[PDB]
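Mind looking over this structure? Questions follow.
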Amino acid sequence: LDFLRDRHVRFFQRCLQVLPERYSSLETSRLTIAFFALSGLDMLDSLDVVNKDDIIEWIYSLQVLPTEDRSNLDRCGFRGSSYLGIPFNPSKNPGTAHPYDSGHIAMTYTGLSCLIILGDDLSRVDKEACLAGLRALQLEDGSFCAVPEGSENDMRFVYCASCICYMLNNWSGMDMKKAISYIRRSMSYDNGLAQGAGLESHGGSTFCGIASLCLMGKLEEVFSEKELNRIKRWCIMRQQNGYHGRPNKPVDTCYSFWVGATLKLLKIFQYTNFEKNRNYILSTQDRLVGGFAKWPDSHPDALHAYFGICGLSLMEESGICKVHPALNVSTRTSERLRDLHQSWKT
Amino acid sequence: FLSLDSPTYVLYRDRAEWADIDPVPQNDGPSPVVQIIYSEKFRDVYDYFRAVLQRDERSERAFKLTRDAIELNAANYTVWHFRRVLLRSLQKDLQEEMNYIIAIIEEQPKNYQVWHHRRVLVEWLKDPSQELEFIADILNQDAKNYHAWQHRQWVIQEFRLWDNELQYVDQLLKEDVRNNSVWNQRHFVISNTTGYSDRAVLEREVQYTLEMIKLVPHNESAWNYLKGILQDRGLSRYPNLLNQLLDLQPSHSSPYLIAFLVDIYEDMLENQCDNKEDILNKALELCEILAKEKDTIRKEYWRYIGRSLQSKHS
Amino acid sequence: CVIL
Ligand SMILES: CC(C)=CCC/C(C)=C/CC/C(C)=C/CC/C(C)=C/COP(=O)(O)OP(=O)(O)O
Ligand SMILES: *C/C=C(\C)CC/C=C(\C)CC/C=C(\C)CCC=C(C)C
Ligand SMILES: [Cl-]
Ligand SMILES: [Zn+2]
C-alpha cells in the first residue's frame, strides 16, 4: 500500500529506548541495534527526535582505549555494550585494564558509523589504536575475525574492516592485497560470492565482497569485465518480486538492500523491476507497530526495518534519503564524512 | 547441576559457596541506549559472571556458572571464550563437552558462537568421527542451514573425509533436487578430488545434470551447476551441447535454458565464429523472447544485454 | 540475531 513513515519513526525511537527481556540475546550487539535505529532515523530525516549528545557519550563509553602502558593495542576498538561491567567512561580517562575486555569488529564499525551519523567529529576516537586492533584481526588467508580472542572468520568481517579503514580514511588497518585475494577466492562456480572459498554463494556475502572492493576503489581492477558480467547475472537473478539470498530460497525484505545495493554498485539496479520489489517490501510493513519484517504477516525487527527502508531508498521512495550503497549510511552522512576527511587533511 | 528452572534454584547472591565474591553490576551510564530489562534471575547470574571474569578466576564454580550464563544467552561470545579457557585450565573431559555442545546446537542451529565452539573442540580432539553424522542430523531438520554446510566442508577438508560425500550428495539431490546447498556441495567434492579436467568426469557430470534438468526443468541450481563446470572451458567448444539443448526447447523449456543458449551464442561471437552476424541475431532474438515473455521481470535487463551484444559485434 |  503506502509507506507509513511516521509509524517507522516511532518504531526506531522505541528501539533506542527500553526493550523487554525477550531481547536479551542482543545484549552484546546493542550498538548495532542503535545503528539500525539511528541510521534508520537519519534515512527518514528525523534525527531531531533523539538527543545526539547523550547517545554520543554512550557510544564513547563503549570504546576500548589503550591502557597507560599501551600494552593492549591489539584489543582496541568498540564494545557492543557494557555487559562486562567496566565503569562508565565516555572516552575521558585512559583505559582500565581488564583480562577479557576488547573490541568487536562489527561494533567498531557500527560505532564509528553512528558517531558520524550523530555529527561527532571522531576527535575522541583513538584512530591508531583502532587500526592496530583491526590489523590484529586479519588472518593469513586475508579474511577477518571479530575479536582478538578468536571467532569465526568470513566475508562479513572483511566488509567491516573495509568500512572502518574507509571511515578513518586510513587503510593501514589491513593488508589490502590479502583481503582482495580472499574476496576473489570466494567466488563460486555459479558466479556469486560466498562467505568463503567453496561455500554456497549468498546475497549477503556478495554484497560484502563487492562493497568492500568499491570502498577500496578496486572493483574494476580485481574483476574482469567478463567476471563482473557473470556476477551481475547472478545478482539480478535473485529477484522473484522481492529478493532472496540464494537460489531456490524464499524472498526476504533485507535482500532488497543486500542484493539491490550490489546491483546499484554494479550499475544495473536501474534494470530491475521496481514495482514488484516495492510492493513486496511494503507487504512486510507492520501497519500497527511500524518497522518491517522479513516476510508478510511476520514480526518486525530493527534489522529488517532498516534494510527495508534502505531497499525503498534505492528506488528513491518519496520521503526517504538516498542511501550510499557501499557505506550503508545516508548520502548526506557520507557527504559529511567527506568534509570530515577534508578537515583532517590540513 | 542446579537448573535455572528447578523448584529449588537459589540465586547466586544467596549461595554460601559464593559468599566471598562481590558481584559486579552493569552500568550504562546516565542515559542508556537500547537498554534491555533483565529479570532478577538473569541479572543475578551475570552479576556474578562479571565478577568471575574480572578476576579471571579459573575455578570449577566459575565453570558451572558459565553453563547458566549460556542457558540465559548463548549468543554471548565472551562467555564461550571464558568457558574454553576453563575447559583447558581445569582439564575437563572434552568428550563430555562434545555431548553438551551437540545438544546446544540442536536447540540453536543458527547461532554463530555454538558452531565456532564445536569446531574448536574438534580441532582440540583431532577427532572427526562424530561430525558427518551429527551434521547430517542437523541437515535433516534444515537441509539449507549455512552453518551446517560450512562446518561439514571444514571437517571434510581438514580430516580428508571425501570418500562418501559424493554419495551423500546424490542421496540429498533425490530428496530435493532444488536444494542449492547440495549442488554446491557436489561441486565442492568433485573439484577437490578428481577435478573436472578428466573428460570422463566432465561427461559424467554434464550427463547427470541434464538428467536432473529433464526431471525438473525449472531449477536454477541445476542450470547454474551445468554452466559453472563448462563456462571456463568455453561453452562454444561443445557443439553437441548446443544441439541437445535446442532439442529440449520444445517441451522442457524455461528461462534458464534460453539464457544458457544466449550465453553459448555469446561465447561463439567472442571466439570469431562463422556467421558472426547470423549468430548475433539468434542471440538478440532470444534476449527479446526472455524480455517479452519468458523472464519478463528482468525485461529491462535482457534488453540491456541485447543492446550490449549489438554494440559489441557489428 | 540472524547476522551476528
Ligand atoms: C550493518 C551491520 C550491523 C553489519 C554489516 C556487516 C555484516 C555482519 C553483514 C552480514 C551480511 C549477510 C546478511 C551475510 C549472509 C550470511 C549468511 C550466509 C546468512 C544465512 O542466513 P539464512 O537465514 O539461512 O539466510 P537465507 O535468507 O538464505 O535463508
Ligand atoms: C541480528 C538480528 C537483529 C539485529 C534483530 C534486532 C531486532 C530488534 C531490536 C527488535 C525490536 C522490536 C521492537 C522495538 C518492538 C516489536 C514488538 C512486536 C513485534 C510485538
Ligand atoms: Cl543502477
Ligand atoms: Zn532478512
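Excluded from the calculations below are hydrogen atoms, water molecules and symmetry mates; all remaining heavy atoms, backbone and side chain alike, are included. Every chain is numbered from 1, with letters handed out A, B, ... down the list of sequences.
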Out of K276(A), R233(A), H98(A), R22(A), which one racks up the most heavy-atom pairs below 4.5 Å with chain B?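 Sorted descending by pairs with chain B, the first entry is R233(A).
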
Can you tell which part of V147(A) gets under 4.5 Å to a heavy atom of chain B, answering side chain, backbone, both or neither?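 Side chain of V147(A) only, per the 4.5 Å heavy-atom cut-off to chain B.
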
Any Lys/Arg nitrogen of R30(A) or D28(B) sitting under 4.0 Å from an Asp/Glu carboxylate oxygen of the other?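 Salt bridge present between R30(A) and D28(B).
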
With only heavy atoms counted, which part of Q17(A) is less than 4.5 Å from chain B, the side chain, the backbone, both or neither?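 When you check distances to chain B, only backbone atoms of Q17(A) fall under 4.5 Å.
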
Can you confirm if the aromatic rings of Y306(A) and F35(A) lie within a centre distance of less than 6.0 Å?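 Yes.
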
Is it the side chain or the backbone of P99(A) that comes within 4.5 Å of chain B heavy atoms, both, or neither?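 Contact with chain B involves the side chain of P99(A) alone.
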
Sort out for me which of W183(B), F188(B), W80(B) touches chain A most, counting heavy-atom pairs under 4.5 Å.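 Of the options given, most contacts go to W183(B).
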
Relative to chain A, which segment of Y225(B) carries a heavy atom at a distance below 4.5 Å: side chain, backbone, both, or neither?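 It is both, since atoms from each part get that close.
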
Looking just at side-chain N and O atoms, do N180(B) and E200(A) make a donor-acceptor pair shorter than 3.5 Å?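 Present: a donor and an acceptor within the cut-off.
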
Is a donor from one side chain sitting under 3.5 angstrom from an acceptor on the other, for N248(A) and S221(B)?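 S221(B) and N248(A) do have a side-chain donor-acceptor pair below 3.5 Å.
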
Less than 4.5 Å to any heavy atom of chain A: does that hold for the side chain of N73(B), its backbone, both, or neither?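 Side chain only.
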
Cation-pi, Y112(B) ring and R156(A) (6.0 angstrom, 45 degrees):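 The answer is yes, since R156(A) meets both limits relative to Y112(B).
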
is_close_aromatic(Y83(A), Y46(B)), centroid dist under 6.0 Å: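 No, the ring of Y83(A) stays outside the 6.0 Å limit from the ring of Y46(B), centre to centre.
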
Under 3.5 Å, sequence neighbours excluded: what are the donor-acceptor pairs made by side chains of residues 30-39 of chain B?
from, atom 1, to, atom 2, distance (Å)
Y38(B), OH, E27(A), OE1, 2.3
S39(B), OG, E21(A), OE2, 2.8
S39(B), OG, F42(B), N, 3.2

Side chain / backbone / both / neither for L199(A) at chain B, heavy atoms under 4.5 Å: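 Both backbone and side chain of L199(A) come within 4.5 Å of chain B.
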
Measure from NZ or CZ of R230(A) to the centre of the six-membered ring of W234(A), then state whether that distance is under 6.0 Å and the direction lies within 45° of the axis.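 Pair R230(A)/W234(A) does not count as cation-pi.
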
Between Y196(B) and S191(B), do the side chains contain a donor N or O and an acceptor N or O under 3.5 Å apart?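 Distance-only check fails for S191(B) and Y196(B).
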
Select one option (side chain, backbone, both, neither) describing which atoms of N241(A) are under 4.5 Å from chain B's heavy atoms.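 Contact with chain B: backbone only.
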
Using non-hydrogen atoms and a 4.5 Å limit, figure out which bit of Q150(B) sits close to chain A: side chain, backbone, both or neither.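 Backbone plus side chain of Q150(B), per the 4.5 Å heavy-atom cut-off to chain A.
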
Residue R160(B) excluded, over 12 heavy atoms near CZ under 6.0 Å: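 Atom CZ in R160(B) is not packed in, count stays at 12 or less.
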
Looking at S82(A), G80(A), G150(A), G85(A), which one has more heavy-atom pairs under 4.5 Å with chain B than the rest?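 Greatest number of close heavy-atom pairs with chain B: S82(A).
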
Top contributor to chain B interface from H104(A), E275(A), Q240(A) [non-hydrogen pairs under 4.5 Å]: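 That would be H104(A).
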
What residue in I59(A), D190(A), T28(A) has the most heavy-atom pairs under 4.5 Å with chain B?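 Ranked by heavy-atom pairs under 4.5 Å with chain B, first place is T28(A).
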
Chain B contacts, top residue of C15(A), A34(A), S151(A) (heavy-atom pairs, under 4.5 Å):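 Option with the greatest count: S151(A).
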
Pairing donors with acceptors under 3.5 angstrom, does anything connect the side chains of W302(B) and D295(B)?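 Their side chains do contain a donor-acceptor pair, which is all the 3.5 Å distance test asks for.
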
Testing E57(A), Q63(A), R124(A) one by one against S91(A) for a side-chain hydrogen bond (donor to acceptor under 3.5 Å, both in side chains), which residue passes?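 Considering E57(A), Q63(A), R124(A), a side-chain hydrogen bond (donor to acceptor under 3.5 Å, both in side chains) with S91(A) is found only for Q63(A).
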
Winner by heavy-atom pair count (cut-off under 4.5 Å) against chain A, out of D232(B), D47(B), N76(B):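 Ranked by contacts with chain A, first place is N76(B).
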
Sort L31(A) into side chain, backbone, both or neither according to what part of it lies under 4.5 angstrom from a heavy atom of chain B.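 Interface part for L31(A): neither.
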
When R119(B), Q157(B), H116(B) are compared by non-hydrogen pairs under 4.5 Å with chain A, the top option: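 Greatest number of close heavy-atom pairs with chain A: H116(B).
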
Need one label for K144(B): side chain, backbone, both or neither, based on atoms under 4.5 Å from any heavy atom in chain A.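 Backbone plus side chain of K144(B), per the 4.5 Å heavy-atom cut-off to chain A.
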
Below 4.5 Å, heavy-atom pairs only: which of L72(B), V24(B), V120(B), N27(B) has the largest tally toward chain A?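 Result: the option with the highest number of such pairs is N27(B).
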
